[PDB]
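Inspection log for the structure reproduced underneath, given as structure tokens.
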Amino acid sequence: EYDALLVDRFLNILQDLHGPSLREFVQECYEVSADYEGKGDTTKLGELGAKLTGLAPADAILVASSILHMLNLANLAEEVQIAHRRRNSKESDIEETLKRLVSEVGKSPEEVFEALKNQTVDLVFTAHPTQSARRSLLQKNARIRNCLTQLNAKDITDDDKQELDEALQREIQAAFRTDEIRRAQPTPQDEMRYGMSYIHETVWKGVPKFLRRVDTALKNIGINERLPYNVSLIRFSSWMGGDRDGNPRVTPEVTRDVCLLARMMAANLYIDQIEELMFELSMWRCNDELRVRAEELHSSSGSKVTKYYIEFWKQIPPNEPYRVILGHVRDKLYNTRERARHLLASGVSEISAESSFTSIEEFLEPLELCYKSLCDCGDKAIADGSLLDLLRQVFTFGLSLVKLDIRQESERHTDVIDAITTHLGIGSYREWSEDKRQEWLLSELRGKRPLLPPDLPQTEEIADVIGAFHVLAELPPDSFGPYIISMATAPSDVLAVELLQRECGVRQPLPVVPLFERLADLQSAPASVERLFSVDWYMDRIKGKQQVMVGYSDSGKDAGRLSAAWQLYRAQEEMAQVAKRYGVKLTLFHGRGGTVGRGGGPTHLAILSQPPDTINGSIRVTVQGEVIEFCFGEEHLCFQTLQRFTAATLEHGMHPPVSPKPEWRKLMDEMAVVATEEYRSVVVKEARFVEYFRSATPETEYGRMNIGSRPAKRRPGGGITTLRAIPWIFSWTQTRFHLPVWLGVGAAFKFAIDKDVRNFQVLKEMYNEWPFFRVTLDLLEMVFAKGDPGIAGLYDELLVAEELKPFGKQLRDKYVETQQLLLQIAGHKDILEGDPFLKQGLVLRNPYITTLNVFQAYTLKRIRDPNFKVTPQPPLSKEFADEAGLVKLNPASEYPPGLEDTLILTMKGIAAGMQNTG
Amino acid sequence: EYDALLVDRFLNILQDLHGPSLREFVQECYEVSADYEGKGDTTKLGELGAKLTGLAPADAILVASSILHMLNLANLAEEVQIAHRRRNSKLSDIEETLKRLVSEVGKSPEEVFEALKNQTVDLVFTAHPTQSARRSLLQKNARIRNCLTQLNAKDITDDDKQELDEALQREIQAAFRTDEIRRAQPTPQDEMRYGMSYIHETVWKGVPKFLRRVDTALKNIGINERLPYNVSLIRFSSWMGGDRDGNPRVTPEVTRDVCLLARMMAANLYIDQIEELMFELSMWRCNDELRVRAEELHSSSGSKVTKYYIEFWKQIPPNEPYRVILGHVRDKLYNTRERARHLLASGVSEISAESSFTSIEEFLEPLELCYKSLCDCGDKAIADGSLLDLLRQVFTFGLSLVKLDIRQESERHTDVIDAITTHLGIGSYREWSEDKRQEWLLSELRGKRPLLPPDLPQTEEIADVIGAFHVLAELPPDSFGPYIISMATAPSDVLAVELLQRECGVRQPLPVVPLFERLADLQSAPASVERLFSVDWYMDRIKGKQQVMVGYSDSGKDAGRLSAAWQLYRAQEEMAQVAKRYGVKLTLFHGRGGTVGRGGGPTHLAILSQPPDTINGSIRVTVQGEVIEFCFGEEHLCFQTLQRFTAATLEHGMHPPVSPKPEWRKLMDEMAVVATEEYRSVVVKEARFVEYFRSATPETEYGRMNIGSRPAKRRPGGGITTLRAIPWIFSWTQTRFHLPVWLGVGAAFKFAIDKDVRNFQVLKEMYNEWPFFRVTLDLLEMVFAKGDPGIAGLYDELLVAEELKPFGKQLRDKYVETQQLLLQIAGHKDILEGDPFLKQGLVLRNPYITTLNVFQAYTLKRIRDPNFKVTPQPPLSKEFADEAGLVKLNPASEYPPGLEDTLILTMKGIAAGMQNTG
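Same order as they appear, the protein sequences are chains A and B.
Mind the numbering: the first sequence is residues 36 to 125, 140 to 932, 936 to 970 in the UniProt record's numbering, read in order.
Mind the numbering: the second sequence is residues 36 to 126, 141 to 932, 936 to 970 in the UniProt record's numbering, read in order.
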């Protein structure tokens with residue numbers, strides 16, 4: 036009923052503002068596409084684009100803008116109802146997962162309590178260019194959901210309801226009367242501030258609330274104490290500013306900028322918390338250690354640290370001890386924030402080191418001192434209030450709020466080192482074999498003599514690499530995470546960084562993690578890791594700890610979806626074995642995206658689908674682009690997301706899934722090869738593919754959304770091979786074909802059952818009994834439920850060259866064949882059977898996505914072929930009667949009047965309907 | 036049910052921190068006291084007095100603190116159960146009042162609309178010394194109420210409830226382990242910020258919300274229009290920093306600090322609002338006027354205003370016009386709050402006049418442009434959103450937030466004018482008769498030649514009068530309200546200030562209002578007013594607008610409750626008629642306050658009790674000290690308080706109470722005389738009364754609470770005549786005798802029914818029909834129901850000398866005869882027979898108030914009588930075993949150790965139990 040509420044209110048506003056005609060048109064468009072949805076009639080689609088094409092440039096944008104906002108309001112009305120259904124329950142949460150591990154799994158609470166203390170989940174916010182949404186519009190969503198949630202409260206006045214309704218009205222109209230298009234790419238610093246706003250508005254306050262829940266959950270299974278505040282049960286990191294992989298606009302200056310901005314934000318968040326705490330901690334009873342400190346600070350009036358906040362210092366009573374300690378802490382915090390602002394504006398501050406907080410230890414000392422004071426006075430109840438929450442923030446967020454991960458292409462380090470060994474007349478590091486590089490790199494690392502000559506000639510690219518290590522060397526180590534190597538292949542790559550890092554003067558080096566992103570590299574991966582582990586120098590370096598990252602984006606782009614997901618499984622599984630053998634604690638970093646074809650899917654299931662005994666309280670997962678909004682857009686969402694990662698990781702540690710029987714293994718090994726062959730037979734071993742690709746899907750238009758700062762093609766020259774993973778998945782998502790997601794799965798299924806009809810009962814046994822296999826298929830079913838090959842055929846009809854058109858039909862035949870087999874194996878007769886609501890959800894959502902699909906296909910044609918002329922209709926908006937101000941929102945467009953805006957809106961809208969950008 | 040939740044939790048905490056024996060002791064006191072309550076056995080009181088007197092210094096406090104906290108928790112639970120019951124009675142107010150005035154009164158919705166546009170209710174915040182509570186404790190009340198409110202919600206989980214409970218637990222214990230006693234007198238600037246916290250935290254956001262309800266209520270009677278945003282339907286003024294009467298600590302400099310501090314606070318609130326509004330108004334459609342200005346500001350990079358927020362200007366995209374204007378509006382606001390800071394912190398500022406906002410019209414210029422733009426583009430729905438709420442704040446709060454009322458004694462201006470006539474050798478102004486004073490003042494006022502010599506000899510008082518005017522001369526006129534003359538008697542006082550104001554160079558002078566505080570002045574009052582009109586000079590000055598204040602505090606002190614209340618009635622009545630005849634809009638400023646003995650009572654009833662046709666949408670009322678927390682302590686409270694004032698005043702204008710029958714009037718005049726004489730025969734015409742007074746009540750110990758900056762006596766000489774109304778009322782309120790509240794009412798009733806038995810059928814006939822008479826008798830009834838003459842008798846025992854003792858017993862015979870005569874006229878057999886819930890609350894509260902009544906009397910004894918012997922008990926607190937850090941919280945008490953802090957806690961406690969300080 037919620038979407039009938041929002042769609043009906045939008046339409047009244049559409050009519051009120053533009054005239055009934057246009058409102059009828061948007062409504063007629065619904066039913067023409069609903070006749071396609073209902074019966075399957077393909078003739079409908081042609082008739083619909085007949086209408087859309089002739090529209091005025093102002094009306095065209097209007098129609099496209101309108102379908103966007105209705106499709107968006109359909110999403111908000113679903114989120115609200117999802118939230119309502121979850122709440123009305125009174140997959141699993143944290144308190145249930147404890148009670149289960151104690152009851153059913155037969156574990157002791159002290160084992161569960163122990164397991165907890167050792168657990169640490171690290172969610173890494175990144176700025177992967179998958180968020181078309183202007184923040185301005187996002188904020189409006191939160192209010193719309195909020196007006197909608199309250200509106201449907203149980204107890205409420207007629208007046209309160211009548212006024213919340215008015216509030217909902219104007220909020221919708223505000224969103225509609227804003228330009229939904231970003232008119233210039235963000236800077237990396239913008240990207241960072243954008244993502245920090247989640248840390249501010251939901252994560253900051255929402256961490257101690259989840260933790261106190263974990264306290265309550267611990268008490269319900271008998272544990273009589275709270276989770277010790279130095280436990281980092283959950284942490285947060287960022288790539289916003291650090292990941293420069295294929296993004297030259299992330300310069301050494303940008304990294305320094307972000308690092309300091311973070312410290313600023315942090316200090317300012319703490320200042321606010323400390324200040325509320327000073328109003329609360331009014332109590333006079335303190336223990337001895339604190340009294341002494343409080344009496345030093347009282348007499349010295351702050352120990353002369355600020356002279357700002359000096360008004361406060363004189364008039365503070367003596368018998369308010371806690372207020373004096375915190376008063377000092379807050380004076381110090383202001384300095385820390387101000388020293389950052391000066392270091393950002395000038396690079397040097399007048400404000401000294403020990404007039405501010407430099408280390409996390411320095412900051413914790415007075416805080417814990419307050420805690421122990423309050424405990425020693427018997428007021429541990431008082432202590433476990435806002436004070437406890439703060440302490441947990443300090444261990445969870447620290448002084449720079451979020452740690453920064455640095456990531457650079459593998460081959461870029463090679464170019465530096467080769468420039469070095471060339472200048473120095475030692476030969477070409479690029480030309481050496483891998484074993485020689487290791488031997489050379491290892492001599493240097495052991496050696497006591499400098500290598501990098503200052504007079505080294507440098508390309509701009511060699512400059513950026515060294516200049517990055519330079520910025521790393523001057524910034525506090527507690528602001529960084531690890532250094533990640535994109536395209537990491539062999540132990541050379543890791544050692545090459547360890548060296549460059551040392552030879553650029555990084556006094557305390559960042560731990561080096563490789564990112565195995567491709568199929569070959571994930572196979573050779575445990576072999577890579579064992580070589581490193583076996584080196585005496587490297588082993589002393591890492592000290593029992595090694596982190597390694599696995600990319601789900603570029604994996605599935607190399608092999609198929611099936612082969613990549615399997616290779617990712619056993620590459621985790623084997624590395625954990627090598628690490629266990631060498632006594633190294635492996636910590637897996639998961640490069641998961643939002644879409645299914647990049648490791649997307651429910652959080653608790655994604656964990657459950659990972660090899661047993663390869664987590665054990667230590668895991669890092671990326672949260673990419675729009676996924677931050679999905680997970681941390683609202684207070685409850687943030688809390689719920691912390692719940693999933695924590696409860697899953699816990700269970701998975703103590704009660705791991707079933708290891709795959711050898712039957713299952715061999716069959717996955719065999720299918721994956723067939724699947725890879727079939728996938729690569731389409732994307733790699735086929736000349737005319739790239740021409741069909743850039744023709745049938747809106748691939749080449751993705752940059753026009755101005756989403757992120759990254760040029761999303763690694764190099765103009767060239768081909769599909771350099772096209773980033775995100776616009777890839779995006780291209781096939783708009784068209785609703787989802788090619789890279791299912792290609793190869795059908796062949797692997799067909800191979801297995803044709804090889805031996807017995808295997809049908811083996812596939813069935815795996816889908817029932819093996820979490821990994823089940824989750825993978827289930828996720829594929831969801832995709833196919835969001836799939837319509839009839840739409841893919843519609844792009845093929847209007848845009849694809851004639852010779853290739855049968856190639857397209859050949860592909861759609863595989864789509865249907867794959868779906869067909871998938872269902873049989875799963876034991877489903879119908880698609881999205883065994884799942885209500887998400888099928889219901891696709892019923893109202895679809896006719897609009899169909900309308901946009903049609904709109905976009907024709908809008909693409911109109912752009913590409915000047916010859917496709919269509920007879921222009923009369924204007925529909927009462928606003929744009931006679932000679936158009938809205939179209940002028942796009943100053944200089946490469947395309948004819950209103951064609952680029954119509955296109956962008958079709959992309960944004962279809963992405964909203966799919967609830968995914970790419 | 037709600038109090039049982041809280042009181043029990045405190046006890047568990049009390050037992051948890053100090054051991055079982057103490058907990059049982061506090062419980063023993065209850066039932067001992069309860070035994071007195073349910074039977075009336077005066078022996079139990081003395082019994083308890085034994086126990087409480089022997090206690091250790093640490094335990095004497097802990098007990099008083101514990102009764103206080105429980106007494107407060109009982110108040111808290113009652114506030115939450117009142118709010119609950121109110122919301123249930125919406126599943141009168143303003144939407145009902147509009148409907149009733151249309152259907153029942155037969156007014157047109159247009160007439161109703163119009164009378165609202167012409168209404169204005171000015172609520173005056175004052176710092177009258179009646180808030181014992183430290184603000185750090187009050188904040189904790191709020192959290193307790195909240196935690197208690199969420200605890201008893203309909204939808205709530207088991208764990209949510211478990212944690213809300215844990216949050217309630219620690220919040221009580223926090224308040225308990227805080228020193229409740231303010232250890233130092235506030236400054237007037239401390240007092241002012243204290244009051245402004247209410248403006249910030251509830252009144253700021255709460256005004257626009259209330260007006261939006263008035264919108265909806267207008268639409269429910271079919272108006273189809275919003276109450277135009279320029280209507281100030283409700284306004285807020287302040288005395289905090291302006292009221293000088295009897296407080297030499299309110300210097301000219303205090304007034305200057307308060308005036309700037311406010312403008313700082315105001316800009317700082319407008320900045321936070323504007324910043325949100327910029328986020329919101331992201332629309333691109335604007336009208337021509339806005340577009341022009343928008344491009345001027347955009348292309349000039351801000352129009353050169355601040356250089357702060359310069360990072361924002363470069364950021365600003367072109368087609369976001371609203372953010373552009375608003376951005377400049379913000380820049381200009383930053384300057385305004387800084388300029389105040391520099392004007393406060395030192396003589397002047399670098400920041401110019403026209404780099405900031407100087408006039409309210411200059412601030413409204415760009416905002417209204419935005420509003421008209423959005424309406425012009427058809428987005429008025431958006432315009433009525435957050436923008437509308439701000440605009441209404443601009444009209445309601447202006448650039449200074451609240452207007453400062455200056456108030457000074459009548460004779461203090463006389464002193465100045467006598468120093469001038471003596472210095473210039475014109476004569477002695479003081480010795481001149483009233484008609485001569487008027488004649489001379491008017492010569493000077495008509496004259497163009499200066500008067501005040503700069504070489505004038507001044508005492509310190511005279512330098513505080515002239516120096517104050519000098520401050521008003523400098524500060525912008527829109528920061529002040531009127532100049533209020535306390536002890537106003539004749540038209541000379543008003544003309545005297547009009548002259549001093551001009552002769553001190555106050556360029557645009559404050560309008561002069563006289564405060565008629567006493568009986569003789571309220572009688573001459575309408576004649577004074579007519580005299581002040583009919584003067585052709587004074588008529589041109591006021592220009593049809595005259596305000597006069599009536600004092601409810603100092604009236605009852607002069608004449609007695611009934612005789613005051615009645616003279617106050619016809620004071621307003623006749624002044625109205627004079628004003629009406631002269632074509633003058635009389636605005637009445639009512640000086641009320643908390644206690645019933647100072648014009649206290651329910652807001653809508655007080656306004657009902659006021660004479661017909663003496664309001665007409667123009668009124669001001671004092672919200673004194675602790676009453677501010679009573680009205681504006683919570684969001685819901687603030688809304689409810691604007692509701693009563695707006696609905697009562699509107700209704701009273703268009704649907705007046707009845708005029709009294711001539712029979713009633715004559716009886717009131719006759720009874721007034723009788724009541725006055727009876728009341729004065731006790732407090733004036735009895736030599737030994739003043740000795741009895743400072744003996745049977747803790748009147749003299751008032752100053753030890755450190756409530757206000759104002760010394761509670763207007764200097765030692767005078768006796769009772771100089772003791773301010775507040776510590777006066779407080780004294781009888783502690784002892785639960787309430788002497789000034791009911792003394793004379795018995796004698797007035799007895800006289801009336803004895804003069805003619807027919808009058809009994811009149812006195813009832815009045816109570817049933819007359820709003821004035823009924824409200825006064827009911828408010829009396831509430832007092833008596835909070836009254837216990839058995840307690841007054843317990844103070845008389847332990848404290849009053851043996852000769853004065855029967856005098857005390859004579860008064861107690863008047864108490865009973867009065868309460869008896871009251872109930873016979875009210876048609877009640879029992880006391881609070883018509884009020885079931887207010888009577889219930891006094892059932893659980895009373896035994897704690899009784900326990901503190903006993904504790905106080907004996908504690909007063911130990912101070913005054915060092916020959917009083919009592920045998921000490923063993924320590925009850927496990928915290929204080931052997932020889936006490938708590939009693940050392942008093943630096944150097946004039947009384948024996950722990951006797952002052954115990955005496956104070958018994959006053960604050962009893963104060964909470966009566967829900968009134970004084």
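We treat Cβ as the ideally placed atom computed from N, Cα and C, and that holds for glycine.
Only counting the same chain, and skipping five residues up and downstream in sequence, which positions put a Cβ closer than 6 Å to that of residue i?
i        : result
A:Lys888 : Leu881
B:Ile466 : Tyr478 and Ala545
Under the three-state reduction of DSSP, which class applies to residue i: helix, strand or coil?
i        : result
A:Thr169 : strand
A:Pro855 : helix
A:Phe162 : helix
A:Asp454 : strand
B:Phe444 : helix
For residue i, I'd like the list of residues in its chain whose CB is within less than 7 Å of its CB, leaving aside the five on either flank, ordered along the chain.
i        : result
A:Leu870 : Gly795, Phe798 and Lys799
B:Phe779 : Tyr751, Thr969 and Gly970
B:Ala697 : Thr652, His653, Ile656 and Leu657
Among the residues of its own chain, which have a CB less than 8 Å from the CB of residue i, if the five just before and after it don't count?
i        : result
B:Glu302 : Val520
A:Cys553 : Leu501, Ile515, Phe518, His519, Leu521 and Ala522
Taking Cβ to Cβ, would you say residue i is nearer than 9 Å to residue j?
i        : j        : result
A:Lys452 : A:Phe328 : no
A:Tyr532 : A:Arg456 : yes
A:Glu387 : A:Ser408 : no
Hey, quick one: how far does the beta strand (DSSP E) through residue i stretch, first residue to last?
i        : result
B:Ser287 : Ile283 to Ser287
What is the residue span of the alpha helix (DSSP H) that residue i lies within?
i        : result
B:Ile912 : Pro885 to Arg913
B:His347 : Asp337 to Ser348
Checklist line | Those runs of the beta strand (DSSP E) which lie wholly inside the region 596-642 of chain B and span at least 3 residues | finding: Unbroken beta strand (DSSP E) stretches of 3 residues or longer found wholly inside the region 596-642 of chain B: 634-640, given in chain order.
Notebook entry, point to check: In chain order, which continuous runs of the alpha helix (DSSP H) of length 4 or greater are located wholly inside the region 667-710 of chain A?
Noted result: If we require 4 residues or more, the alpha helix (DSSP H) runs fully inside the region 667-710 of chain A come out as 675-681 and 684-703.
Margin query: As an exercise, report each continuous alpha helix (DSSP H) stretch of at least 4 residues that is fully enclosed by the region 188-264 of chain A, in chain order.
Written below: Listed in chain order, the alpha helix (DSSP H) elements of length 4 or more contained wholly in the region 188-264 of chain A are 207-225 and 237-247.
Checklist line | Contiguous alpha helix (DSSP H) assignments of at least 4 residues, all confined to the region 507-569 of chain A | finding: The qualifying runs are 509-523 and 540-551.
Next item on the list: Check distances from the C-beta atoms of the region 172-193 of chain A to those of chain E and list, in chain order, the residues that come in under 7 Å.
Entry: Of the chains in the structure shown, none is chain E; the protein chains are A and B.
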